[PDB]
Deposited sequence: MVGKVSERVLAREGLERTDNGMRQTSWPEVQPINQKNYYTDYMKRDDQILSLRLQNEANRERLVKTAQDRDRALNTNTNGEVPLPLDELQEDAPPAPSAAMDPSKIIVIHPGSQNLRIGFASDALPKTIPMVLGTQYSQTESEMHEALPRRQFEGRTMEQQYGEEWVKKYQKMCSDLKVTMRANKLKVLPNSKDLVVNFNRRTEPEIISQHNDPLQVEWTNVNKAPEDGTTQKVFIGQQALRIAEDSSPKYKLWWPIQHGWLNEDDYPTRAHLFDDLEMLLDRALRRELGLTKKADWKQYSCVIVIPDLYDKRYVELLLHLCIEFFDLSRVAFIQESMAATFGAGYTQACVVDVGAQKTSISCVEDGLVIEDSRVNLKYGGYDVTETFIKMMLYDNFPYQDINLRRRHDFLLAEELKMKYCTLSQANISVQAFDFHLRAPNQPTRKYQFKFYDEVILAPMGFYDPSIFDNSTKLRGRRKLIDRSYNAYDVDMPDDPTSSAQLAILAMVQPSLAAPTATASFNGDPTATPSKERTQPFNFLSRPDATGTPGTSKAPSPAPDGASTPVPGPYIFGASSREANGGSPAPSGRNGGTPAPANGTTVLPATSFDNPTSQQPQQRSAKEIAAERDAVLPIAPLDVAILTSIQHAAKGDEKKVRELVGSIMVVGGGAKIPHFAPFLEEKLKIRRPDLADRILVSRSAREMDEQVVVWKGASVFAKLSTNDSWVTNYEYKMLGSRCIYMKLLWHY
């Protein structure tokens, strides 16, 4: 038994407190049928484009009423950096090497180049069996070729050279009889060009003697056309080296000594046709965070080559020190699928030329291209004698001076006969190049580029022509990451002629008219191409491979009387100067949006 009146008198009373039955949140569903989105729909909304509209409008107002001397044009490379102002006739060229104090020299940390087993079963093991047999067969092929070409060959020739070389012995002169006086870098002297650290770049780095009271090491941040991760302990150290080298080039070659003034300048950076996106996004970061330049713009090496020429349509063969690359340019783009990138160049011809003469008892058997004076000697000898011109070949005698540091100068006579042509001819059978270690370290520090939103998908460029050349070396459901990792494990190598035709077939995409235009439009650039009769020899090699095109094939070196090294640079300068280029990433864009703005701004699908 219960009652309310008793409870009232006891002071007990159940009460709602004026509250709702529940204060749990009640949630309404979102409706999404036929949804729409305003995100980045208009040019007004995209920062990279907003800023360009404002810039265009300001220039039109300035017309109602930019200076090339404030534009720096940079083109990096495995041996050489070209740098200069867009105002200028020509870039200054400097070796892209940085020299610093260290415990051990280059020579002290690694085995000698070219590679030899100094203990082993005779010349055949010392140089390697396959290599010696390759050399023999190529020598036979040349003799057959000269005889077929109705030119004289002496029945024995090597024996005239080899027995001279191995018996000559050097001569010493420099204390008394007048040489060219070399001048080793005075590493103790303080820098005058506006900085404290005693680092060296360019020719002044190469001419540091092997022994000096502070011991100095040389570092190359680019080799074979990519970041030189093999030689570096850590990523941070490599970025700091590329930054130090470019910083010293601005101060020492351009004379831009006050660091505060650089914010007034703008930059054009040339990149290869098959770029690593990690390398592009490094160079942008140096130019905007470390140098604080106002604007940065990019152009591909083959695109720039045509701008140097004044060509609308061409096939551009770019023979470097260590990279060679081919692509077809038409209607203002490199044709994305045409791109081919081979890992050899004029340096391999130097190594191979030395190695062929060494086997033929070249007097200076102690030579090792990791020693500085040896490297300079080998490059000089290469440029003096290497020759694809078949007709001028003979037994010839010459001499060279080994101006080693702090030792009297040694003079060697020597002879050659066919090393001078067989080493260059390696472009048409690259198996003789010492490709054994090119791939070492190729993902040691810096990973493959992945798409920013989907990190198992590679975002580095790819081309049908390059995959056709990988398949040519190694015949080729897994993920894209695993497939890319398999391709990465094959070094891209192919004959030069085959690489061109493979590039052009993918360029044309099964169209004989497009082929018949491009094949009459071969343009050769890059320092490695400067070997005599390179362009005629490349034409002949394509003609004897494709009779269906043989009457139309035409190969031209350079463009408009430029030097083959600078055509790419000149092109990049024209791209700086011309009015229509909106390809500039401004400093304010990159501070805001980092590498995302490259995708908004370039003149190709990045």
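Should a student be asked to find the unmodelled regions, what ranges of the deposited sequence would be the right answer here? No C-alpha coordinates exist for 1 to 3, 69 to 100, 512 to 617.
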